[PDB]
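**Q** model this:
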Amino acid sequence: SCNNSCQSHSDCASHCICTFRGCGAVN
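**A** Numbering: from 1, shown residues only. Take a look:
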């Protein structure tokens with residue numbers, strides 16, 4: 001569901017967090 005590339009933390013889609021896959025939801 002979460003697929004992106006963050007530059008900070010809120011640089012994600014929705015409930016995604018900063019991870020090795022750019023942006024991915026922890027939950």
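**Q** secondary structure element for the spatially most central residue of the chain?
**A** Nearest to the geometric centre of the chain sits residue 23, at 2.2 Å (C-alpha atoms, centre = their mean). Taking DSSP states H and E as the criterion, residue 23 maps to strand 22-25.
**Q** Spit out the contact partners of residue 11.
**A** Residue 11 is in contact with 4, 5, 18, 23, counting by C-beta atoms under 8 Å, 6 or more residues apart in numbering. Any C-beta I mention is one placed from the backbone N, CA and C, and that applies to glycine too.
**Q** Which of those are buried? Put it as a ChimeraX command.
**A** To isolate the buried ones among those in ChimeraX, judged by 16 or more other C-beta atoms under 10 Å, type:
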select :18,23
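**Q** burial count for residue 21?
**A** 12 (other C-beta atoms under 10 Å).
**Q** For the residue lying closest to it once chain neighbours are set aside, give me its contacts.
**A** Spatial nearest neighbour of residue 21, excluding adjacent residues (C-beta to C-beta, 6 or more residues apart in numbering): residue 3 at 7.3 Å. Neighbouring residues of residue 3 by C-beta under 8 Å, 6+ apart: 13, 21, 22, 23, 24.
**Q** among those residues, which two are most distant?
**A** Put simply, by C-beta to C-beta the two of those set farthest apart are 13 and 21, 11.8 Å from each other.
**Q** follow-up on the earlier one: mind listing the residues bridging to the residue nearest to the centre of the chain?
**A** residue 4, residue 18 (DSSP bridges).
**Q** Was I right to think it contacts residue 14?
**A** No: the pair residue 23 / residue 14 is not scored as a contact, 9.2 Å apart, by C-beta atoms under 8 Å.
**Q** Common neighbours of the two, please.
**A** Common neighbours of residue 23 and residue 14 (C-beta under 8 Å, 6+ apart) are residue 2.
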